[PDB]
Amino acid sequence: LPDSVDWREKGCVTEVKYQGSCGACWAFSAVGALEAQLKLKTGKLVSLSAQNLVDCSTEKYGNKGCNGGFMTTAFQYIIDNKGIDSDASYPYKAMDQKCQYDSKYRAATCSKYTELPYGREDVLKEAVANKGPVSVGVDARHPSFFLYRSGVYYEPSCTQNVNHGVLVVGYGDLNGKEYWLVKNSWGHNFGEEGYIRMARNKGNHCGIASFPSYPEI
């Protein structure tokens, strides 16, 4: 496997989004992963509708819109629904709404998704290198995460109890300090212009490899 990977260099990552006061991190993580597969399949980079997931991948998928959800069940909704609309056609409003999905605005489909084995950072590395960005849950419930500005994030009090959905779009090292390159959905003012480099091969730091999954088309 390559020592470092950055899917942004491969044109498979869209602009960083701002979820606002709506807890739709799970929806942003899911569309983010599917956006890369869509680019790999069609050659086009298009932001997909996180709102579509918030409003439609609801109770039947164990999700609660702005109150939380799962990337895996979000992928299953897209599969069952036979599509997800473009973000342009179904914009994000940072609030729960009645489902407004319309197949006339479909921008992607999904045929399946894969959940990686719990806590295996080596397996996660292989997936990021060979398949594409991977949706993951992390424990972001610590002040240091909110205050992160730059460098490799390491929090001694981090746990494997995850609560925030994000997207691993690469991996590498900062002068030896290995990290996972993570796209967040807290806007471009968060961390490294929307990204955070989280400690890699540090005993499943913040549970980054606890629940990884990626979709395919």
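Residues carry their position along the shown sequence, with the first being 1.
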**OP:** May I ask you to compare 94-102 and 118-126 by their mean CA B factor in the entry and name the higher one?
**Re:** 94-102
**OP:** Output the stretch having the higher mean C-alpha B factor in the entry; the candidates are 27-35 and 171-179.
**Re:** 171-179
**OP:** From the list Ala50, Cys56, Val166, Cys66, select the residue with the highest C-alpha B factor recorded in the entry.
**Re:** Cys66
Original post:
Based on the entry's values, in what third of the chain does the Cα temperature factor of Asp6 lie: lowest, middle or highest?
Top reply: lowest
Original post:
Considering only modelled residues of the same chain, in which third does the CA B-factor of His205 rank: lowest, middle or highest?
Top reply: middle
**OP:** Check where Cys12 lands among this chain's C-alpha B-factors and tell me if it's the lowest, middle or highest third.
**Re:** middle
Original post:
Lowest, middle or highest third: where is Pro143 by C-alpha B factor in its chain?
Top reply: highest
Original post:
With respect to C-alpha B-factor, does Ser111 fall in the lowest, middle or highest third of the chain as deposited?
Top reply: highest
